[PDB]
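# Structural overview for review
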Amino acid sequence: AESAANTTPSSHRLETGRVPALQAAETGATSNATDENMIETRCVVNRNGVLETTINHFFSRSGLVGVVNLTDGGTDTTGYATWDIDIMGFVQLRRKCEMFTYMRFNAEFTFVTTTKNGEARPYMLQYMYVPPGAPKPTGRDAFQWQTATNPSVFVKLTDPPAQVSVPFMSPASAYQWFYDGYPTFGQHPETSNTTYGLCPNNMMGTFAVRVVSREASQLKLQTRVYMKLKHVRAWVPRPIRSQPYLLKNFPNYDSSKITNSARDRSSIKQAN
Amino acid sequence: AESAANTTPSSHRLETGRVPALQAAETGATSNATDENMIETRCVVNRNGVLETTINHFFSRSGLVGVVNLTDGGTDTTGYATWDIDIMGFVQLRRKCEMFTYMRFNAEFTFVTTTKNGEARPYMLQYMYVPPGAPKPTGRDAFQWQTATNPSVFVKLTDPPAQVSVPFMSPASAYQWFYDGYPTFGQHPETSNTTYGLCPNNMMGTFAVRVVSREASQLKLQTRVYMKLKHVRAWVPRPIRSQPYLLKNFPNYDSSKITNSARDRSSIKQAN
Amino acid sequence: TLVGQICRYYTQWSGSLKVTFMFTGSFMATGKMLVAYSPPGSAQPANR
Amino acid sequence: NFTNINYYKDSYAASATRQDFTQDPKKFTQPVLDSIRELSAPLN
Amino acid sequence: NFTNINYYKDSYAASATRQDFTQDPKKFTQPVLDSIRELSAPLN
Amino acid sequence: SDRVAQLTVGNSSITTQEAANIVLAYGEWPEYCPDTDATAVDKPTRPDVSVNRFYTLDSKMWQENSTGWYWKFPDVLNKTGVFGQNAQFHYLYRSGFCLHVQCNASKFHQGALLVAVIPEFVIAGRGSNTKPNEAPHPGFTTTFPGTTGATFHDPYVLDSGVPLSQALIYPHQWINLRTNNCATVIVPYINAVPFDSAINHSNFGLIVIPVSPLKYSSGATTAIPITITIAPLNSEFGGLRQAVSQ
Amino acid sequence: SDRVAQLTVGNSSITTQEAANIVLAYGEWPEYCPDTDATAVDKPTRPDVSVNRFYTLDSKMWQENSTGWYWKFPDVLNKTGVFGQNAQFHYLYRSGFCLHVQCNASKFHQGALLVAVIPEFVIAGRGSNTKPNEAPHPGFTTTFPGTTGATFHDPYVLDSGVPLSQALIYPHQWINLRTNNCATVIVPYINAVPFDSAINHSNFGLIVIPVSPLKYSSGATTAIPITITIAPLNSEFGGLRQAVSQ
Amino acid sequence: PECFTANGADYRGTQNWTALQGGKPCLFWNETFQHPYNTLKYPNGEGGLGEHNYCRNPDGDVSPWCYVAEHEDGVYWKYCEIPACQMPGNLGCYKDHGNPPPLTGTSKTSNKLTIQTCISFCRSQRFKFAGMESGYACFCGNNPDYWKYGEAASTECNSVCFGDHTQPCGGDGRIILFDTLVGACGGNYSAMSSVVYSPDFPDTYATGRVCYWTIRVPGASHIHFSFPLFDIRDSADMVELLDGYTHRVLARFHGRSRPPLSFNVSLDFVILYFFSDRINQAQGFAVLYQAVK
Ligand SMILES: CCCCCCCCCCCCC/C=C/[C@H](O)[C@H](N)CO
Ligand SMILES: CCCCCCCCCCCCC/C=C/[C@H](O)[C@H](N)CO
Ligand SMILES: *[C@@H]1O[C@H](CO)[C@@H](O)[C@H](O)[C@H]1NC(C)=O
Ligand SMILES: *[C@@H]1O[C@H](CO)[C@@H](O)[C@H](O)[C@H]1NC(C)=O
Ligand SMILES: *[C@@H]1O[C@H](CO)[C@@H](O)[C@H](O)[C@H]1NC(C)=O
């Protein structure tokens, strides 16, 4: 259907037996009472489109995902800057994605790198994706930066932002943002269940970045990750969270200081 | 018709009854007296084109629309620079567009950004379009600049000017530059009717712009908006304004100090 | 409601809406109620 | 010579389409009900 | 207007494919076994 | 057989002796709203005998130092009769109009009148101030004059900054006292929306401006009234609710 | 499938749980006036969406010492909404009516109501004086109570000298609190003239009289309201003129 | 205090700059023959117009303003941000970002929204602070944290109201603050030195207003009064000052009486009375008092 719905011409009824406005809500179903079984309507040929409300047009937005700092000092230097790939770091795309239970999609990661004061000097960077199980690079001159049997992107700061496409690589058939279980067997404590809700089917490796040079470069870069979902399929729709987020991998909320879903009114017998 | 009009060969008439030069103007119609019903003409095959005088070739000009200042200071800074999208700020395109009552078109907005002294340094800008109803960004480091579920353009100063295409997004079926009414109900005053002529069907959101950096950038930019109309349809042609403009959303003119539509002559019985 | 949040993600809506009431009183309690929708215009009606 | 080719799924992002040579001038010049002939007195 | 052309051997690196207009709303609105008629009492 | 005409709408009739041809605005007849262009779901009402008739307004004495008068037509019949009552109770409105302006004189008077309609005739404030708080704006009695009417201050600029000379593009008619004594214009519904409120939005407005001044010799009659009659053709109303005045 | 019913007229709907069968008065449906029986020449108007809808009046608390209430139906909707406005501007009127009286209670209350219509329900004065100047006559608020209603003084004689017992010949319905909570009557246009003024002539009138008194044990609810809803089916209006109040 | 009106209509200051930090100088009111507000047109005051370049308000604007020099870039007039121009009862303007508001309480929108209608809306529900923005808003609340979004300039929040056109109703995304005690009808006053306004002070006072303002100080020697603003165009409505010990009248001032600007009275239980009429109403009073211990 390319349009929403057309309206049939209706009229009045004067007869017993037909009750379309007495739909019982105790059955768990939604009231199917239309306008034609009610106040007299007319013939309207609606041609309003429904294409924008689809899932592929709703999840085709990039949004901010990760912010990675790279100081590259001279005396307190590290060289590299890894970033665990997770979507729960910023509450916008998290709120947009946690309204479903199971999802399956592809990615269009984009990397925007700027300096501290803001300046595009021609410094070439190396963006490395470390899959889960591969060793992480330790140092700006490590052995792992050879990128043999490992995908990496070489780009400068004066160049346009890099953009790669990422397939679906979870060992399960779909992702999940809510895991009602435990990752392994054993006795689970009563004090602090810090492993509850953890899903090993979402650890998508680690993302590292360094500056390709010989000695050093006294510059503090700041990379931003923009992930565009595509080819997305969602299952089991879940309600939208009404409480402020507190942690990344845990949906914890405030016991006291609760936020009501609707703001307060003057009286119940007042519309304004 | 690809040409203007051809002329039929004519001759003289000596007979009573036929009066083609006595077209009455009291009926409200235009005199349809041709040259062939008058002084003896010849056969001319005119091949002058009429393509340039069409509406799509008349409104296919960019013109200046908006000028947005961005100081980005260090002590009296704001960071952002919003611009209400309206066409009444410069009288050239306004005079060209207010010769019709109802219009419907698309846009080809183009942004030319220069510095105060004039210089193209490689500073990346962020052009944001805020639709009507969305929150406006307050600060160069605000939450709204994430541009999730919001279109934005990232471009530098050394790059060519950005250019996007904008569809027809008025809730009515066409735009209007003259609204003979009031936006809401209620009692209207006699002192200052500041809401008369206001049309809510023309508020096309707000346009914002900032400098993508971390700390600051002591530079005063100045952006210019060039909007090219395309796919335009106009209704109910209106006369062209002969008085100088005074306000943006109001066609106010000077009561005293009136400008005549034609300049003065020496005498009426004199052509020069 | 969920429809309110979905309409909050967008900026323009159309089409008809449905509001469904449900009485959760006793079985022996009876009564009649008047649910009246009014188009735009003046403020909330004062009387029935 | 081909400018009728679009590069996107949306239709409003194209260029000027085929020009229309339609010119109805009689809805502004003679908006009258009784069709006044060319060789006649407009009022009798 | 052609965006169905891929430039690589892999299929996940393409753009949004043909849109599907499928809308099954009855699996959420009426998840009942006895099909409730439109003009009838839901319980008898 | 062209100078005489009898227009009949409802239970009213207008006979004429000195008439030009009737004017049909933009070559389109006023009809009902089709289902393709309509957007409301509720069924609109159509009296077709109680609101579709000739309503006669007051008469204005055409003097020698007269500038001109104008009207907001969906706002003049906002309180007069079944049409006004039916328009106060409803939220939506869509109709055309049939006009007739009467101005008779002898064969010894001279003068000419320009009667025309202007869609979205916006009244402009008169002043040379650009500060937002002191910029002059017209009052409610100036924007919507009601059944009485309003006069022009600068009729050369139509009180809107647009010259009167170029106002011949509109559906117009002349009243030349040596040719005819009436003018007739039939205008359809002209708006960018199918239906609209007939209380806070006037679609168009009549204007009468004497281009040639009224002249006569001492001894003839001196009271020359200007009478106007309006027929709201093909009226529709929707959104029945409480009656509001303004 | 008989105890449930949803009546839809215009943009209103009435749902029910405890209902008897709907009553059609005299077996005749309310329709439009045919050309054979009509007598006026002007064309009548038919909104059919703006006046044909359920209008809800006020609620009256059914006490234990209650006598009863009554109404003049072409005079109750004389000032409420588009129907009242359209009836003030017109001289002629002809329509049927659809009624619905709501009165709910628990399964521990007992009582019965007799709701019926009486064509030409004439209110009689109460007194034993035969002199013409002192013979008691009912006031205007007693003959035409308006949207509020009037109470009975002697409901055993229907305030007209006719016994309540014999009032079962009229189109009637019972509201027994153990059986149902509503009553529905559909009455057509009943008059000896095709059209008639809806201002100085009421065709019929509803009356509600509690035959069995309201009884309950100490501990239950005590406020039992009486709500009435009316739908002016198949309305016609003619003779458009100035609006008169009464 | 220098301004006792909601728009600074009576501000006789020595400010010849538009702002103290980051401002441009104002032009003189006698060298302004180009503009319709100069001393060649308005002699003998008329809002305050001499041979100075001070920030005045002769046109009945929402804030005092001067003439700045035109630098061929549009603006030829700027609002003056006077630090000492705030009526007692005006806390200032603040920023408004989103769903957590500065004022957590009731909200109300109307097409006729003045200062006193919003103050009365927040007062009829026993709220401590009122608030409005963008011309159509009324935010009530009792929270002390209303500066959570920052302090805004006074010239930034000069959007005109919808009901009246001489009052600033905040701005777009900027809320202006007001306490609910202003314009009220009576109240137990126990502060050291506060101001008492007439009923409906930002508006004109209503017809038939009568109330009792009570002032008690726990141990003050004698109290000092003042009359900054007084504008009555009638002789039927009038103000009184009474002592409630033996219930006798101290002084009776009306429209035909010019009250002295300052006097002492050796009392500690003064009560104020205001009997209005239903014929003529122009403006109220701004009685400031002071108790010395
Ligand atoms: C060459 C550098 C590429 C940088 C991007 C890394 C490629 C792998 C990305 C996998 C996409 C995973 C998207 C989200 C996965 C899980 O749901 C999250 N980790 C949990 O929220
Ligand atoms: C990504 C930045 C895009 C910047 C352009 C904003 C897109 C929306 C533009 C809408 C086009 C509206 C053209 C004119 C509309 C109304 O007639 C005017 N506001 C009133 O004159
Ligand atoms: C403002 O007035 C003071 C008065 O003491 C004067 O010293 C100063 O020069 C004046 N400044 C300007 C800009 O007029
Ligand atoms: C305006 O007044 C000032 C102060 O008295 C004076 O210096 C100046 O010359 C005056 N300007 C004119 C044009 O009189
Ligand atoms: C009242 O007494 C005080 C002493 O505290 C004095 O300052 C003030 O001037 C006196 N008022 C008058 C009018 O003398």
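Summary of the structure given here.

Looking now at the overall build of chain F. Helix and strand counts for chain F come out as 3 helices and 14 strands. Each of the three principal axes of chain F carries a C-alpha extent, and together these read 60 × 55 × 30 Å. Across chain F, every contact between residues at least 6 apart in sequence was considered, and the portion connecting residues at least 24 apart equals 84%. Surface accessibility of chain F: about 9,100 Å² in total, with carbon and sulfur atoms responsible for 49%. Separation of charge centres in chain F, based on 14 positive and 17 negative side chains, amounts to 7 Å.

Let us now look at the site of ligand 3. Residues and elements named next belong to chain H. Taken together, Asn16, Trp17 and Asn53 form the complete shell of residues around ligand 3. With respect to ligand 3, the side chain of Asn16 contributes an N or O atom lying 2.4 Å from an oxygen atom. The side chain of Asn53 places a nitrogen or oxygen atom 3.3 Å from an oxygen atom of ligand 3. Look at ligand 3: alone it shows 360 Å² of surface, and the protein chains cover 35% of it.

What follows concerns the packing of helix 2 (residues 81–89) of chain F against helix 2 (residues 81–89) of chain G. Any two packed helices are characterised by how steeply their axes cross, that is the angle between the axes, and by the distance between the axes. Following both chains from N to C, one finds helix 2 of chain F and helix 2 of chain G inclined at 175°, their axes separated by 10 Å at the closest point. By the criterion of interaxial angle, the relationship of helix 2 of chain F to helix 2 of chain G is roughly antiparallel. Residues F:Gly81, F:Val82, F:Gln85 and F:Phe89 of helix 2 of chain F lie in contact with helix 2 of chain G, whose contacting residues are G:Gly81, G:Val82, G:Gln85 and G:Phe89. The class makeup of the residues in the contact of helix 2 of chain F with helix 2 of chain G is 4 nonpolar, 4 polar and no charged.

It is worth spelling out the layout of surface pockets at this point. One way to see where empty space is left: roll a probe the size of a water molecule over the atoms. Residues and elements named next belong to chain A. Of the voids in this model, the second largest pocket is the one considered here, and its volume is about 1,200 Å³. Lining the second largest pocket are 46 residues, and of these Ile85, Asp86, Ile87, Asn202 and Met204 sit closest to its centre. Listed by contribution, the elements that provide at least two residues to the lining of the second largest pocket are strand 2 (83–84), strand 3 (100–106), strand 5 (124–130), strand 6 (152–156) and strand 8 (175–176). Considering each element in turn, the lining of the second largest pocket owes the most residues, 3 residues, to strand 5. Looking at the lining of the second largest pocket residue by residue, the classes come out as 31 nonpolar, 9 polar and 6 charged.

Take the nonpolar core next. Counting 58 residues, the largest nonpolar core has B:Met103, B:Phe105, B:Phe109, B:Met227 and B:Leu229 as the members making the most contacts within it. Elements represented by at least two residues in this core include exactly strand 1 (64–70), helix 2 (91–97), strand 3 (100–106), strand 5 (124–130), strand 9 (206–211) and strand 10 (221–226) of chain B together with strand 8 (110–119) and strand 12 (204–215) of chain F. Sorting elements by how many residues they give to this core places strand 8 of chain F first, with 4 residues. Excluding its chain neighbours within four sequence positions, the residues that come into contact with B:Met103 are B:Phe59, B:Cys97, B:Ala174, B:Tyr175, B:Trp177, B:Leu229, B:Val232, B:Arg233, B:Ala234 and B:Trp235.

A separate point is the pattern of salt bridges. Inspection of every chain in the model, using the stated rule, returns 27 salt bridges over all chains. Notably, a salt bridge pairs A:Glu15 with A:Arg18, separated by 3.9 Å at the nearest N-O pair. For A:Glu15, a relative accessible area of 21% corresponds to the partly exposed category. Of the charged contacts in the structure, one is a salt bridge between B:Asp180 and F:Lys72, with a shortest N-O distance of 2.9 Å. Placement of the pair is B:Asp180 in the loop between strand 8 (175–176) and strand 9 and F:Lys72 in the loop between strand 5 (69–70) and helix 1 (73–76), with the two residues belonging to separate chains. With respect to burial, B:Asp180 and F:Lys72 carry one shared label: buried. One salt-bridge network, in which partners are shared between bridges, spans F:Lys131, F:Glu134, H:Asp59 and H:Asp61.

So, about the packing of aromatic side chains. Describing an aromatic ring pair means giving the distance of the ring centres and the angle of the ring planes. Using the criterion set out here, one finds 64 aromatic pairs over all chains in the structure. Arranged with centres 5.6 Å apart and planes meeting at 70°, the rings of G:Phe97 and G:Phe204 form a pair that is edge-to-face. Here G:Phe97, found in strand 7 (residues 97–102), pairs with G:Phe204, found in strand 12 (residues 204–215); they are 107 residues apart in sequence, far enough to count as distant. The exposure class of G:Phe204 is buried, given its relative accessible area of 6%. What links up through ring pairs into an aromatic cluster is the set H:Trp29, H:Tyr37, H:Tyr42, H:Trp65, H:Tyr67, H:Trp77 and H:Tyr79. Above the plane of the ring of B:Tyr245 lies B:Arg241, whose end atom (NZ or CZ) is 4.9 Å from the centre. Of note, H:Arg56 hangs over the ring of H:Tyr11, and the distance from its end group to the ring centre comes to 5.9 Å.

With that settled, the discussion passes to the relation of the copies chain G and chain F. Between chain G and chain F, the superposition needs a rotation of 180° and an axial shift of 0.0 Å, giving an RMSD of 0.0 Å. Given the turn and translation reported, the copies of this chain are related as if by a two-fold rotation axis. Comparing contact sets, 100% of the residues at the interface of chain G also lie at the interface in chain F, consistent with an isologous, same-surface contact.

With that settled, the discussion passes to the site of ligand 1. Residues and elements named next belong to chain A. Contacts to ligand 1 come from 13 residues, most closely from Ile85, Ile87, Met88, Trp177 and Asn202. The separation between a nitrogen atom of ligand 1 and a polar main-chain atom of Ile85 is 2.5 Å. Between ligand 1 and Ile87 there is a distance of 3.3 Å, counted from an oxygen atom to a backbone nitrogen or oxygen. Bound to the protein, ligand 1 loses 94% of the 600 Å² it would expose on its own. Structurally, ligand 1 is housed in the second largest pocket.

Each value, and the rule that gives it
Residues numbered from 1 in each chain as written, not as in the entry; some residues may be left out. Chains lettered and ligands numbered in written order. Part of a larger assembly, values for the part shown. Heavy atoms only, no water. Residues with missing side-chain atoms left out of burial classes, pairs and counts. Helix = DSSP H or I, 4+ residues; strand = E, 2+ residues; numbered from the N terminus. Contact = heavy atoms within 4.5 Å. Areas by Shrake-Rupley, 256 points an atom, 1.4 Å probe, with all protein chains shown as cover. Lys, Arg positive; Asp, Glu negative; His and termini not counted. Charge placed at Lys NZ, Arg CZ, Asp CG, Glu CD. Near = heavy atom within 4 Å. Polar contact = N/O pair within 3.5 Å; in protein donor to acceptor, adjacent residues only side chain to side chain. Axes fitted to C-alpha atoms, helices over the stretch in contact; angles between N-to-C directions. Parallel < 35°, antiparallel > 145°, perpendicular 65-115°, else oblique. Nonpolar A, V, L, I, M, F, W, Y, C, P; charged D, E, K, R; others polar. 1 Å grid on protein atoms, 1.4 Å probe; cavity = no way out; pocket = protein on both sides within 12 Å on 5 of 7 lines; lining within 4 Å. Points joined across faces, edges and corners; volume = space filled by probe spheres on them. Core = buried A, V, L, I, M, F, W, Y, C linked by side-chain atoms within 4.5 Å. Buried < 20%, exposed > 50% of the residue type's maximum accessible area, 1.4 Å probe, protein only. Salt bridge = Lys/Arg side-chain N within 4 Å of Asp/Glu carboxyl O. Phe/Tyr/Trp six-rings, centres within 6.5 Å; stacked < 30°, edge-to-face > 60°. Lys NZ or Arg CZ within 6 Å of the ring centre and 35° of its normal. Least-squares fit on C-alpha atoms. Sits in = over half its atoms within 2 Å of the grid points.

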